[PDB]
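Undergrad: You'll find final.cif just under this line, and it carries mmCIF, C-alpha atoms and all ligand atoms.
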data_start
#
loop_
_atom_site.group_PDB
_atom_site.id
_atom_site.type_symbol
_atom_site.label_atom_id
_atom_site.label_comp_id
_atom_site.auth_asym_id
_atom_site.auth_seq_id
_atom_site.Cartn_x
_atom_site.Cartn_y
_atom_site.Cartn_z
ATOM 1 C CA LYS A 26 -17.411 25.212 -0.809
ATOM 2 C CA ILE A 27 -15.234 22.819 1.169
ATOM 3 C CA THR A 28 -11.564 22.675 0.140
ATOM 4 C CA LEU A 29 -9.316 19.706 0.904
ATOM 5 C CA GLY A 30 -5.554 20.137 0.739
ATOM 6 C CA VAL A 31 -4.405 16.679 -0.322
ATOM 7 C CA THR A 32 -0.794 15.549 -0.567
ATOM 8 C CA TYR A 33 0.750 12.413 -2.074
ATOM 9 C CA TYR A 34 4.340 11.475 -1.283
ATOM 10 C CA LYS A 35 4.996 11.108 -4.994
ATOM 11 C CA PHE A 36 2.749 10.946 -8.051
ATOM 12 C CA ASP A 37 4.330 7.869 -9.658
ATOM 13 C CA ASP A 38 3.481 5.507 -6.797
ATOM 14 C CA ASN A 39 1.154 3.049 -8.565
ATOM 15 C CA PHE A 40 -1.257 2.322 -5.743
ATOM 16 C CA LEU A 41 -1.636 5.937 -4.659
ATOM 17 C CA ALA A 42 -2.062 7.041 -8.273
ATOM 18 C CA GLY A 43 -5.102 4.777 -8.433
ATOM 19 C CA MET A 44 -6.407 6.175 -5.163
ATOM 20 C CA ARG A 45 -5.893 9.724 -6.425
ATOM 21 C CA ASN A 46 -7.888 8.961 -9.561
ATOM 22 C CA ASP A 47 -10.600 7.384 -7.403
ATOM 23 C CA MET A 48 -10.831 10.388 -5.082
ATOM 24 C CA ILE A 49 -11.095 12.775 -8.030
ATOM 25 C CA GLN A 50 -13.882 10.698 -9.576
ATOM 26 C CA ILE A 51 -15.898 10.262 -6.383
ATOM 27 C CA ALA A 52 -15.592 13.947 -5.553
ATOM 28 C CA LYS A 53 -16.896 14.887 -9.012
ATOM 29 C CA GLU A 54 -19.741 12.367 -8.965
ATOM 30 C CA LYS A 55 -20.913 12.802 -5.381
ATOM 31 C CA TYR A 56 -19.502 16.009 -3.847
ATOM 32 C CA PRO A 57 -20.068 19.057 -6.077
ATOM 33 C CA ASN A 58 -19.258 21.247 -3.055
ATOM 34 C CA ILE A 59 -15.823 19.735 -2.478
ATOM 35 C CA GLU A 60 -12.723 21.114 -4.135
ATOM 36 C CA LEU A 61 -9.551 19.028 -4.169
ATOM 37 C CA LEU A 62 -6.151 20.706 -4.133
ATOM 38 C CA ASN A 63 -3.789 17.890 -5.063
ATOM 39 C CA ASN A 64 -0.066 18.102 -4.273
ATOM 40 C CA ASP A 65 2.939 16.027 -5.337
ATOM 41 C CA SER A 66 5.593 16.056 -2.600
ATOM 42 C CA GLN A 67 8.336 14.777 -4.957
ATOM 43 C CA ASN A 68 9.406 12.237 -2.335
ATOM 44 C CA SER A 69 10.708 15.089 -0.172
ATOM 45 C CA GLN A 70 9.538 15.692 3.402
ATOM 46 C CA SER A 71 10.916 19.244 3.175
ATOM 47 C CA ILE A 72 8.755 19.894 0.121
ATOM 48 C CA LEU A 73 5.770 18.378 1.926
ATOM 49 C CA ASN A 74 6.369 20.576 4.973
ATOM 50 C CA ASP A 75 6.317 23.663 2.771
ATOM 51 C CA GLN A 76 3.203 22.432 0.941
ATOM 52 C CA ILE A 77 1.430 22.000 4.279
ATOM 53 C CA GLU A 78 2.241 25.626 5.137
ATOM 54 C CA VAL A 79 0.884 26.838 1.797
ATOM 55 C CA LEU A 80 -2.359 24.897 2.264
ATOM 56 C CA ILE A 81 -2.729 26.237 5.816
ATOM 57 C CA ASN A 82 -2.227 29.786 4.582
ATOM 58 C CA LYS A 83 -4.796 29.208 1.830
ATOM 59 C CA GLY A 84 -7.238 28.234 4.583
ATOM 60 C CA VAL A 85 -8.183 24.762 3.354
ATOM 61 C CA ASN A 86 -10.944 23.204 5.442
ATOM 62 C CA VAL A 87 -9.112 19.921 6.000
ATOM 63 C CA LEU A 88 -5.512 18.796 5.523
ATOM 64 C CA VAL A 89 -5.334 15.339 3.938
ATOM 65 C CA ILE A 90 -1.741 14.268 4.268
ATOM 66 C CA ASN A 91 0.404 11.401 2.983
ATOM 67 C CA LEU A 92 3.730 11.426 4.847
ATOM 68 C CA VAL A 93 6.952 11.355 2.865
ATOM 69 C CA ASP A 94 9.096 10.366 5.844
ATOM 70 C CA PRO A 95 6.926 7.671 7.457
ATOM 71 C CA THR A 96 8.318 8.644 10.879
ATOM 72 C CA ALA A 97 7.405 12.341 10.570
ATOM 73 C CA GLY A 98 3.777 12.025 11.713
ATOM 74 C CA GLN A 99 4.162 13.947 14.957
ATOM 75 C CA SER A 100 5.738 16.959 13.222
ATOM 76 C CA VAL A 101 2.974 17.061 10.612
ATOM 77 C CA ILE A 102 0.222 16.771 13.215
ATOM 78 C CA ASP A 103 1.926 19.509 15.253
ATOM 79 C CA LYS A 104 1.694 21.819 12.210
ATOM 80 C CA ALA A 105 -2.010 21.126 11.786
ATOM 81 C CA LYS A 106 -2.608 21.706 15.488
ATOM 82 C CA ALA A 107 -0.671 24.992 15.467
ATOM 83 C CA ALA A 108 -2.807 26.061 12.502
ATOM 84 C CA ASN A 109 -6.076 24.946 14.122
ATOM 85 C CA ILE A 110 -7.014 23.008 10.964
ATOM 86 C CA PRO A 111 -8.232 19.387 11.090
ATOM 87 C CA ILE A 112 -6.025 16.699 9.596
ATOM 88 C CA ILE A 113 -6.709 13.296 8.102
ATOM 89 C CA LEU A 114 -3.458 11.440 7.512
ATOM 90 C CA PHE A 115 -3.659 8.559 5.082
ATOM 91 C CA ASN A 116 -1.742 5.483 3.911
ATOM 92 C CA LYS A 117 1.398 6.020 6.029
ATOM 93 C CA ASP A 118 0.278 5.445 9.612
ATOM 94 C CA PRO A 119 1.703 7.968 12.136
ATOM 95 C CA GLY A 120 0.766 5.772 15.121
ATOM 96 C CA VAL A 121 -1.603 6.213 18.059
ATOM 97 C CA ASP A 122 0.489 8.559 20.190
ATOM 98 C CA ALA A 123 0.719 11.085 17.357
ATOM 99 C CA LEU A 124 -2.992 10.791 16.524
ATOM 100 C CA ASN A 125 -3.881 11.167 20.190
ATOM 101 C CA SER A 126 -1.894 14.409 20.479
ATOM 102 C CA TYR A 127 -4.497 16.432 18.549
ATOM 103 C CA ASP A 128 -8.280 16.417 19.043
ATOM 104 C CA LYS A 129 -8.724 17.109 15.318
ATOM 105 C CA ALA A 130 -6.479 14.347 13.890
ATOM 106 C CA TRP A 131 -7.702 11.158 12.236
ATOM 107 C CA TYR A 132 -6.268 8.410 10.017
ATOM 108 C CA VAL A 133 -7.469 6.395 7.037
ATOM 109 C CA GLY A 134 -5.573 3.283 6.032
ATOM 110 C CA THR A 135 -5.364 -0.443 6.661
ATOM 111 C CA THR A 136 -4.183 -3.153 9.035
ATOM 112 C CA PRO A 137 -1.266 -4.515 6.998
ATOM 113 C CA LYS A 138 -0.879 -7.624 9.164
ATOM 114 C CA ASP A 139 -4.061 -8.798 7.473
ATOM 115 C CA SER A 140 -2.496 -8.331 4.033
ATOM 116 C CA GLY A 141 0.583 -10.310 5.074
ATOM 117 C CA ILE A 142 -1.622 -13.187 6.196
ATOM 118 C CA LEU A 143 -3.646 -13.048 2.968
ATOM 119 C CA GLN A 144 -0.458 -13.024 0.900
ATOM 120 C CA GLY A 145 0.723 -16.066 2.841
ATOM 121 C CA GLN A 146 -2.576 -17.802 2.083
ATOM 122 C CA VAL A 147 -2.292 -16.979 -1.617
ATOM 123 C CA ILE A 148 1.275 -18.335 -1.686
ATOM 124 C CA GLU A 149 0.293 -21.458 0.254
ATOM 125 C CA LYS A 150 -2.475 -22.332 -2.199
ATOM 126 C CA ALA A 151 -0.239 -21.876 -5.254
ATOM 127 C CA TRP A 152 2.705 -23.719 -3.674
ATOM 128 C CA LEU A 153 0.573 -26.735 -2.778
ATOM 129 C CA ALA A 154 -1.012 -26.805 -6.231
ATOM 130 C CA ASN A 155 2.365 -26.640 -8.008
ATOM 131 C CA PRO A 156 4.970 -29.173 -6.804
ATOM 132 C CA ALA A 157 7.189 -28.049 -9.691
ATOM 133 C CA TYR A 158 7.789 -24.771 -7.841
ATOM 134 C CA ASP A 159 9.942 -26.691 -5.361
ATOM 135 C CA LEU A 160 12.954 -26.775 -7.656
ATOM 136 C CA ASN A 161 15.340 -28.542 -5.273
ATOM 137 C CA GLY A 162 12.646 -30.880 -3.941
ATOM 138 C CA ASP A 163 13.397 -30.181 -0.278
ATOM 139 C CA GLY A 164 9.860 -29.172 0.731
ATOM 140 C CA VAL A 165 11.140 -25.714 1.713
ATOM 141 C CA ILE A 166 10.248 -22.484 -0.081
ATOM 142 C CA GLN A 167 13.515 -20.804 -1.113
ATOM 143 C CA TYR A 168 12.405 -17.202 -1.614
ATOM 144 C CA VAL A 169 13.567 -13.664 -2.114
ATOM 145 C CA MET A 170 11.817 -10.752 -0.423
ATOM 146 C CA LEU A 171 11.356 -7.321 -1.951
ATOM 147 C CA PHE A 172 10.900 -5.015 1.036
ATOM 148 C CA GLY A 173 9.101 -1.686 0.674
ATOM 149 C CA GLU A 174 9.846 1.464 2.668
ATOM 150 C CA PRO A 175 11.694 1.364 6.016
ATOM 151 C CA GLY A 176 9.478 2.791 8.757
ATOM 152 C CA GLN A 177 6.255 2.411 6.785
ATOM 153 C CA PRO A 178 4.422 -0.274 8.800
ATOM 154 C CA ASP A 179 2.882 -1.862 5.686
ATOM 155 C CA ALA A 180 6.338 -3.099 4.661
ATOM 156 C CA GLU A 181 7.410 -4.756 7.903
ATOM 157 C CA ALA A 182 3.967 -6.274 8.451
ATOM 158 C CA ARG A 183 3.753 -7.832 4.989
ATOM 159 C CA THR A 184 7.329 -9.082 5.300
ATOM 160 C CA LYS A 185 6.752 -10.605 8.750
ATOM 161 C CA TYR A 186 3.253 -12.033 8.463
ATOM 162 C CA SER A 187 3.430 -13.623 4.991
ATOM 163 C CA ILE A 188 6.336 -15.799 6.132
ATOM 164 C CA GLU A 189 4.937 -16.353 9.632
ATOM 165 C CA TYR A 190 1.681 -17.608 8.120
ATOM 166 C CA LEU A 191 3.489 -20.103 5.904
ATOM 167 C CA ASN A 192 5.572 -21.386 8.820
ATOM 168 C CA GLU A 193 2.457 -21.587 11.046
ATOM 169 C CA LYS A 194 0.902 -23.938 8.497
ATOM 170 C CA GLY A 195 3.961 -26.184 8.541
ATOM 171 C CA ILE A 196 5.572 -24.864 5.378
ATOM 172 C CA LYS A 197 9.286 -24.323 5.855
ATOM 173 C CA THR A 198 10.845 -21.272 4.212
ATOM 174 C CA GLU A 199 14.391 -20.090 3.489
ATOM 175 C CA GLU A 200 15.229 -16.442 2.809
ATOM 176 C CA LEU A 201 17.896 -16.250 0.097
ATOM 177 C CA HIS A 202 17.793 -12.458 -0.204
ATOM 178 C CA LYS A 203 15.862 -9.546 1.250
ATOM 179 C CA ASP A 204 16.429 -5.985 0.128
ATOM 180 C CA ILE A 205 14.776 -2.594 0.021
ATOM 181 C CA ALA A 206 13.160 -1.242 -3.142
ATOM 182 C CA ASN A 207 10.892 1.444 -1.705
ATOM 183 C CA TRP A 208 7.636 0.414 -3.437
ATOM 184 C CA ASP A 209 9.243 1.154 -6.804
ATOM 185 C CA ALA A 210 9.250 -0.992 -9.967
ATOM 186 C CA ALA A 211 12.565 0.250 -11.361
ATOM 187 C CA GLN A 212 14.367 -0.194 -8.042
ATOM 188 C CA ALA A 213 12.929 -3.691 -7.753
ATOM 189 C CA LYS A 214 13.993 -4.528 -11.310
ATOM 190 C CA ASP A 215 17.556 -3.518 -10.463
ATOM 191 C CA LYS A 216 17.551 -5.660 -7.289
ATOM 192 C CA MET A 217 16.065 -8.639 -9.125
ATOM 193 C CA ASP A 218 18.656 -8.299 -11.910
ATOM 194 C CA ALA A 219 21.403 -8.438 -9.288
ATOM 195 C CA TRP A 220 19.839 -11.529 -7.731
ATOM 196 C CA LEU A 221 19.260 -13.302 -11.055
ATOM 197 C CA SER A 222 22.799 -12.550 -12.249
ATOM 198 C CA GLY A 223 24.432 -13.902 -9.090
ATOM 199 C CA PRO A 224 26.222 -17.278 -9.023
ATOM 200 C CA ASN A 225 23.442 -18.782 -6.893
ATOM 201 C CA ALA A 226 20.472 -17.350 -8.793
ATOM 202 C CA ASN A 227 19.334 -20.889 -9.549
ATOM 203 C CA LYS A 228 18.291 -21.467 -5.934
ATOM 204 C CA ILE A 229 15.425 -18.964 -6.086
ATOM 205 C CA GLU A 230 11.992 -20.648 -6.135
ATOM 206 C CA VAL A 231 9.533 -17.905 -5.157
ATOM 207 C CA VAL A 232 9.541 -14.106 -5.389
ATOM 208 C CA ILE A 233 7.583 -12.251 -2.679
ATOM 209 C CA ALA A 234 7.124 -8.461 -2.865
ATOM 210 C CA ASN A 235 5.527 -6.134 -0.305
ATOM 211 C CA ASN A 236 3.658 -4.454 -3.187
ATOM 212 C CA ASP A 237 2.651 -4.878 -6.816
ATOM 213 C CA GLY A 238 4.871 -2.045 -8.022
ATOM 214 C CA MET A 239 7.976 -3.950 -6.971
ATOM 215 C CA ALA A 240 6.496 -7.185 -8.359
ATOM 216 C CA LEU A 241 6.201 -5.471 -11.768
ATOM 217 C CA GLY A 242 9.922 -4.796 -11.758
ATOM 218 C CA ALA A 243 10.708 -8.348 -10.662
ATOM 219 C CA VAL A 244 8.626 -9.681 -13.555
ATOM 220 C CA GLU A 245 10.568 -7.576 -16.059
ATOM 221 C CA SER A 246 13.813 -8.996 -14.688
ATOM 222 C CA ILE A 247 12.571 -12.589 -14.778
ATOM 223 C CA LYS A 248 11.273 -12.236 -18.341
ATOM 224 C CA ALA A 249 14.593 -10.883 -19.595
ATOM 225 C CA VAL A 250 16.424 -14.043 -18.524
ATOM 226 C CA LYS A 251 13.612 -16.282 -19.795
ATOM 227 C CA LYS A 252 12.873 -17.832 -16.443
ATOM 228 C CA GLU A 253 9.611 -18.943 -14.934
ATOM 229 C CA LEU A 254 9.285 -17.984 -11.297
ATOM 230 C CA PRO A 255 6.104 -17.464 -9.306
ATOM 231 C CA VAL A 256 5.782 -13.822 -8.211
ATOM 232 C CA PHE A 257 3.470 -12.475 -5.499
ATOM 233 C CA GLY A 258 2.566 -8.882 -4.658
ATOM 234 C CA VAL A 259 0.086 -6.725 -2.734
ATOM 235 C CA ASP A 260 -2.417 -4.074 -3.955
ATOM 236 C CA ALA A 261 -4.115 -5.634 -6.995
ATOM 237 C CA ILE A 262 -3.269 -2.658 -9.189
ATOM 238 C CA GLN A 263 -4.558 -3.167 -12.735
ATOM 239 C CA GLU A 264 -1.070 -3.832 -14.117
ATOM 240 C CA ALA A 265 -0.655 -6.733 -11.673
ATOM 241 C CA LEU A 266 -4.073 -8.178 -12.514
ATOM 242 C CA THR A 267 -2.998 -8.098 -16.157
ATOM 243 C CA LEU A 268 0.179 -9.985 -15.282
ATOM 244 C CA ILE A 269 -1.940 -12.601 -13.522
ATOM 245 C CA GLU A 270 -4.126 -12.809 -16.644
ATOM 246 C CA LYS A 271 -0.963 -13.348 -18.696
ATOM 247 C CA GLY A 272 0.439 -15.946 -16.296
ATOM 248 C CA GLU A 273 3.408 -13.721 -15.410
ATOM 249 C CA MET A 274 2.358 -13.176 -11.780
ATOM 250 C CA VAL A 275 0.721 -15.783 -9.570
ATOM 251 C CA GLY A 276 -1.013 -13.777 -6.864
ATOM 252 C CA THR A 277 -1.603 -10.543 -5.049
ATOM 253 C CA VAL A 278 -3.871 -9.014 -2.405
ATOM 254 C CA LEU A 279 -6.407 -6.325 -3.263
ATOM 255 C CA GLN A 280 -5.875 -3.141 -1.316
ATOM 256 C CA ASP A 281 -9.103 -1.160 -1.523
ATOM 257 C CA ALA A 282 -8.059 2.236 -2.863
ATOM 258 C CA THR A 283 -11.636 3.181 -3.739
ATOM 259 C CA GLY A 284 -12.862 2.524 -0.204
ATOM 260 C CA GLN A 285 -9.997 4.482 1.310
ATOM 261 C CA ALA A 286 -10.654 7.409 -1.031
ATOM 262 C CA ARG A 287 -14.359 7.280 -0.187
ATOM 263 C CA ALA A 288 -13.627 7.194 3.562
ATOM 264 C CA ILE A 289 -11.376 10.226 3.259
ATOM 265 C CA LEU A 290 -14.041 12.213 1.403
ATOM 266 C CA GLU A 291 -16.895 11.173 3.716
ATOM 267 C CA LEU A 292 -14.925 11.863 6.896
ATOM 268 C CA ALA A 293 -13.577 15.158 5.556
ATOM 269 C CA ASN A 294 -17.082 16.288 4.576
ATOM 270 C CA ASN A 295 -18.303 15.636 8.104
ATOM 271 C CA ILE A 296 -15.240 17.120 9.818
ATOM 272 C CA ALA A 297 -15.530 20.321 7.772
ATOM 273 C CA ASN A 298 -19.211 20.612 8.688
ATOM 274 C CA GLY A 299 -19.082 20.071 12.446
ATOM 275 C CA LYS A 300 -20.284 16.473 12.302
ATOM 276 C CA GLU A 301 -18.809 13.334 13.881
ATOM 277 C CA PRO A 302 -16.454 12.057 11.163
ATOM 278 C CA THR A 303 -18.317 8.788 10.517
ATOM 279 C CA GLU A 304 -21.846 10.203 10.632
ATOM 280 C CA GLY A 305 -24.044 8.739 7.897
ATOM 281 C CA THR A 306 -21.232 6.429 6.786
ATOM 282 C CA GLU A 307 -20.332 2.738 6.986
ATOM 283 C CA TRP A 308 -17.043 3.433 8.759
ATOM 284 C CA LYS A 309 -15.900 2.768 12.313
ATOM 285 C CA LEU A 310 -13.062 4.708 13.896
ATOM 286 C CA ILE A 311 -10.897 2.469 16.069
ATOM 287 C CA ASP A 312 -8.281 4.533 17.893
ATOM 288 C CA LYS A 313 -9.096 7.411 15.509
ATOM 289 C CA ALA A 314 -8.472 5.301 12.394
ATOM 290 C CA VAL A 315 -10.448 3.681 9.616
ATOM 291 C CA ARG A 316 -8.973 0.302 8.641
ATOM 292 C CA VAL A 317 -10.133 -0.828 5.203
ATOM 293 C CA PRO A 318 -9.890 -4.625 4.645
ATOM 294 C CA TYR A 319 -7.975 -6.459 1.929
ATOM 295 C CA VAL A 320 -8.924 -9.389 -0.341
ATOM 296 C CA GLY A 321 -6.713 -12.244 -1.563
ATOM 297 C CA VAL A 322 -6.326 -12.464 -5.346
ATOM 298 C CA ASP A 323 -5.087 -15.207 -7.654
ATOM 299 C CA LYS A 324 -5.862 -16.858 -10.996
ATOM 300 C CA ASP A 325 -9.273 -18.000 -9.768
ATOM 301 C CA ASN A 326 -10.752 -14.596 -8.885
ATOM 302 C CA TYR A 327 -8.626 -11.844 -10.471
ATOM 303 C CA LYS A 328 -11.253 -11.105 -13.150
ATOM 304 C CA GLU A 329 -13.595 -9.698 -10.501
ATOM 305 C CA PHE A 330 -11.235 -6.808 -9.847
ATOM 306 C CA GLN A 331 -10.301 -5.741 -13.367
ATOM 307 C CA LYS A 332 -11.360 -2.327 -14.679
HETATM 308 O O1 LIG B 1 3.044 4.223 1.393
HETATM 309 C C1 LIG B 1 2.914 3.906 0.016
HETATM 310 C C2 LIG B 1 2.696 2.396 -0.193
HETATM 311 O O2 LIG B 1 1.541 2.041 0.575
HETATM 312 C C3 LIG B 1 1.250 0.646 0.559
HETATM 313 O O3 LIG B 1 0.096 0.413 1.311
HETATM 314 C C4 LIG B 1 1.044 0.168 -0.869
HETATM 315 O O4 LIG B 1 0.874 -1.238 -0.867
HETATM 316 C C5 LIG B 1 2.252 0.509 -1.726
HETATM 317 O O5 LIG B 1 2.045 0.174 -3.110
HETATM 318 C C6 LIG B 1 2.517 2.015 -1.636
HETATM 319 O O6 LIG B 1 1.400 2.744 -2.185
HETATM 320 CA CA CA B 2 12.868 -25.846 -2.133
HETATM 321 NA NA NA B 3 2.498 13.991 0.463
#
Please go through the file and, once you have read it, give me the structure as C-alpha cells.

TA:
Amino acid sequence: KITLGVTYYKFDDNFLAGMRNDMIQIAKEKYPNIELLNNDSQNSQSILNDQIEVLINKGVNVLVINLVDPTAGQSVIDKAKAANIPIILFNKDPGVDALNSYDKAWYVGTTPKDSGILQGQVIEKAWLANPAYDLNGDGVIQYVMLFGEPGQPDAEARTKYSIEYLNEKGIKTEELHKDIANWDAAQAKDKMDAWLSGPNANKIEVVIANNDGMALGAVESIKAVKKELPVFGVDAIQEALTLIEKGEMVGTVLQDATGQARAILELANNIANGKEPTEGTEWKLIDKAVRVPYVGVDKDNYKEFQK
C-alpha cells in the first residue's frame, strides 16, 4: 500500500472540511492502494510539529501538510528533508524559497490574486445592477472587509485585488472597517455585530469577506438586526450557495476543493512510485506548484455548483 500522512490545520474550517471529504471519496473510488491518515492539528503549530514526527516515524510514503502557522513552511520542509520523506504542502503556500530548499517538496493550491479579481467582478456586476445598494447616493462603495488569516497569502490577495479591480474599472470605494476573523464564522459574526451596533453602522453598503465562512457569520449578524446588505465571499461552500439561493448572500467565487484533492492524490501516487509528480495527469507544476483556478459565482450560475 501507499500511506499518506495528511494534516489539516483544524477540522472545522469549512472549505478544508469539504476538501477532506473529497479526498476521502476520491481515494476510496479510485485508489484502493492508498491509505489516508488524517490529522487535526487543533489550530496549533506545536501539535502539527509533533504530528509530523509521528507520521515520519510511522514511515508514511508522503507527508501532505497544511500549515497552522502560515509562516512556518521552511521549518516543516526542513523536517521532511531531515526524514528523507517527500512532502506536498497544500492550501497555505510556503513560498518558492522554501519549496526550492528540498528536491522532494511540492505544493498544491491556488493563485489567490485571481480570486480577488473574480470577487471584484462579481461585486461590480451586482453593484451596477442594483443602484439601491448605494445608500448615500455618492457613487462610492462604502464597504467593510472581513480579513482572513495574517500571513496566509489568500487573505491579503483577496483583500487587495477585489478592491483594486473595482477601482481599476472606475468604481470608487471607501473602507469603513477592516478586521481579522481568521476564516471563522463565529469570529466574523462577532466583528459584524460590533460594526452593526456602532453609531455609524448605517454607512455600511457592502460586506466583503475573504472567505465564505466569514460571510456566513456576517449574514447571521445582518439577519439579527433585520437589515438587507449585499454580502460577498470566496469558496462557494454549499452553505454559501444556499444563502445565495435564499437571497441572503449576493456572490462568491468557487474554489475548487475537488480538483485540489485530486491533484494531491495524483501527485502523491506518482511521487510514492518514483514517477514525475504530474505523469498521466492534467496538472502542470509551475515553480513546484499546482495552481487550481477559481470560478465567479452569483445568482445567475450558483445552481451549477450545488451538491
Ligand atoms: O488556509 C485556510 C483557508 O484557505 C482559503 O483558501 C479558503 O478560502 C478559506 O476558507 C480557508 O480554508
Ligand atoms: Ca455610497
Ligand atoms: Na495541519

Undergrad: Neighbours of ligand LIG 1 (chain B) at 6 Å or closer, counting all atoms listed in the file: which residues, as a PyMOL selection string?

TA: chain A and resi 38+40-41+116-117+179+208+236+259-260

Undergrad: What would the selection look like, as a PyMOL selection string, if the PyMOL selection byres (((chain A and resi 105) around 9) and not hetatm) were run on the coordinates I just shared?

TA: chain A and resi 77+81+88+100-104+106-112+127+129-130

Undergrad: Keeping only C-alpha atoms, write those residues as a PDB file, in the coordinates of the input.

TA:
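Final output, saved to out.pdb:
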ATOM      1  CA  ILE A  77       1.430  22.000   4.279  1.00  0.00           C
ATOM      2  CA  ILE A  81      -2.729  26.237   5.816  1.00  0.00           C
ATOM      3  CA  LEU A  88      -5.512  18.796   5.523  1.00  0.00           C
ATOM      4  CA  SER A 100       5.738  16.959  13.222  1.00  0.00           C
ATOM      5  CA  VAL A 101       2.974  17.061  10.612  1.00  0.00           C
ATOM      6  CA  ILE A 102       0.222  16.771  13.215  1.00  0.00           C
ATOM      7  CA  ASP A 103       1.926  19.509  15.253  1.00  0.00           C
ATOM      8  CA  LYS A 104       1.694  21.819  12.210  1.00  0.00           C
ATOM      9  CA  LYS A 106      -2.608  21.706  15.488  1.00  0.00           C
ATOM     10  CA  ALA A 107      -0.671  24.992  15.467  1.00  0.00           C
ATOM     11  CA  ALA A 108      -2.807  26.061  12.502  1.00  0.00           C
ATOM     12  CA  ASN A 109      -6.076  24.946  14.122  1.00  0.00           C
ATOM     13  CA  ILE A 110      -7.014  23.008  10.964  1.00  0.00           C
ATOM     14  CA  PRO A 111      -8.232  19.387  11.090  1.00  0.00           C
ATOM     15  CA  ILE A 112      -6.025  16.699   9.596  1.00  0.00           C
ATOM     16  CA  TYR A 127      -4.497  16.432  18.549  1.00  0.00           C
ATOM     17  CA  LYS A 129      -8.724  17.109  15.318  1.00  0.00           C
ATOM     18  CA  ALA A 130      -6.479  14.347  13.890  1.00  0.00           C
TER      19      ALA A 130
END

Undergrad: Taking the file as shown, what set of residues would the PyMOL selection byres (((not hetatm)) within 8 of (chain B and resi 2)) give back, as a VMD selection string?

TA: chain A and resid 158 to 167 228 230

Undergrad: Residues up to 10 Å from ligand NA 3 (chain B), counting only C-alpha atoms and all ligand atoms: could you list those as a count of residues only?

TA: 28

Undergrad: Where does stretch 78-181 of chain A meet stretch 194-204 of chain A within 12 Å, residue by residue, with the nearest atom pair and distance in Å to one decimal for each, counting only C-alpha atoms, listed by chain and rising number, as JSON lines?

TA:
{"residue": "A:142", "atom": "CA", "partner": "A:194", "partner_atom": "CA", "distance": 11.3}
{"residue": "A:145", "atom": "CA", "partner": "A:194", "partner_atom": "CA", "distance": 9.7}
{"residue": "A:146", "atom": "CA", "partner": "A:194", "partner_atom": "CA", "distance": 9.5}
{"residue": "A:148", "atom": "CA", "partner": "A:196", "partner_atom": "CA", "distance": 10.5}
{"residue": "A:149", "atom": "CA", "partner": "A:196", "partner_atom": "CA", "distance": 8.1}
{"residue": "A:150", "atom": "CA", "partner": "A:194", "partner_atom": "CA", "distance": 11.3}
{"residue": "A:152", "atom": "CA", "partner": "A:196", "partner_atom": "CA", "distance": 9.6}
{"residue": "A:153", "atom": "CA", "partner": "A:196", "partner_atom": "CA", "distance": 9.7}
{"residue": "A:159", "atom": "CA", "partner": "A:198", "partner_atom": "CA", "distance": 11.0}
{"residue": "A:163", "atom": "CA", "partner": "A:197", "partner_atom": "CA", "distance": 9.4}
{"residue": "A:164", "atom": "CA", "partner": "A:197", "partner_atom": "CA", "distance": 7.1}
{"residue": "A:165", "atom": "CA", "partner": "A:197", "partner_atom": "CA", "distance": 4.7}
{"residue": "A:166", "atom": "CA", "partner": "A:198", "partner_atom": "CA", "distance": 4.5}
{"residue": "A:167", "atom": "CA", "partner": "A:199", "partner_atom": "CA", "distance": 4.7}
{"residue": "A:168", "atom": "CA", "partner": "A:200", "partner_atom": "CA", "distance": 5.3}
{"residue": "A:169", "atom": "CA", "partner": "A:202", "partner_atom": "CA", "distance": 4.8}
{"residue": "A:170", "atom": "CA", "partner": "A:203", "partner_atom": "CA", "distance": 4.5}
{"residue": "A:171", "atom": "CA", "partner": "A:204", "partner_atom": "CA", "distance": 5.6}
{"residue": "A:172", "atom": "CA", "partner": "A:204", "partner_atom": "CA", "distance": 5.7}
{"residue": "A:173", "atom": "CA", "partner": "A:204", "partner_atom": "CA", "distance": 8.5}
{"residue": "A:174", "atom": "CA", "partner": "A:204", "partner_atom": "CA", "distance": 10.3}
{"residue": "A:175", "atom": "CA", "partner": "A:204", "partner_atom": "CA", "distance": 10.5}
{"residue": "A:180", "atom": "CA", "partner": "A:204", "partner_atom": "CA", "distance": 11.4}
{"residue": "A:181", "atom": "CA", "partner": "A:203", "partner_atom": "CA", "distance": 11.8}

Undergrad: Identify all residues satisfying the PyMOL selection byres (((chain A and resi 26-29) around 12) and not hetatm) in the given file; provide them as a ChimeraX atom specification.

TA: /A:30-32,48-49,52,56-64,77,80-81,83-90,110-113,289-298

Undergrad: Select, from A:245, A:37, A:307, A:325, the residue with the minimum atom-to-atom distance to residue A:215, counting all atoms listed in the file.

TA: A:245

Undergrad: Taking into account only C-alpha atoms, which residue in the set A:210, A:226, A:269, A:254 is nearest to residue A:240?

TA: A:210

Undergrad: First collect every listed atom of stretch 78-91 of chain A; then fit an axis-aligned box around them, widen it by 3 Å on each side, and give centre and edge lengths in Å to one decimal, as JSON.

TA:
{"center_x": -4.4, "center_y": 20.6, "center_z": 3.9, "size_x": 19.2, "size_y": 24.4, "size_z": 10.2}
